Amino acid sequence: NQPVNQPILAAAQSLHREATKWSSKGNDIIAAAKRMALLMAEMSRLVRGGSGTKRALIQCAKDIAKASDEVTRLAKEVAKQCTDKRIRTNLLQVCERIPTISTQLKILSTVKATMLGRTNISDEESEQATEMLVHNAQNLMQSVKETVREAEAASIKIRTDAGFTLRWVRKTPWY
């Protein structure tokens, strides 16, 4: 019943679609990407919530950042074990933007929360803080979605036996 932002919800669903195609068992990215898409959704309802929940919004941002740090760490570990050179480059490119996007997400979530509780803001500041947060959330969801697909491609051409192992197994049907 609570008002929910369309962009936050849609960006979260975008990542959710790609992450639920795979099993989290043996997959660091699936466990984190799944966890991120869930938080992002929480994020959707929180930005429309009131001041008391402002501290809630802040933590969510913090949690999204923590989960995105795990995604990047592991994505780099996969790339540092990939034989194919061109693909690895794209995986390292797309994942290395996550720290920047995530930290920007924490900044913009703190500004939105502070503004809501605080009184007298120009709708200009309010609406611009919202727009900045949503654009950032969309960029983060897209970056993680792109990272998950590349981390799979880099598991096809492994550098050596043992080393880093990352399990890619589609979702078993209920039966």
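So that there is no doubt, residue numbering starts at 1 and follows the sequence shown.
Across the other PDB entries of this protein whose models span the neighbouring residues, residue 152 is modelled without exception, so it is unmodelled in far fewer than a third. In the other compared entries of this protein that model both flanking residues, residue 54 has coordinates in every one, well short of a third left out. Remark: stretch with higher mean C-alpha B factor among 129-137 and 56-64 is 129-137. As the entry records it, the average C-alpha temperature factor is higher for 120-128, out of 120-128 and 23-31. Sorting the modelled residues of the chain by their CA temperature factor places residue 93 in the highest third. Ranked within its chain, residue 107 lands in the lowest third, by CA B factor from the PDB record.
Residue 42: CA B factor lies in the lowest third for its chain, per the PDB record. Sort the chain's modelled residues by C-alpha temperature factor and residue 101 lands in the lowest third, per the entry. Per the deposited record, the Cα B-factor of residue 36 falls in the lowest third when ranked against the other modelled residues of its chain.
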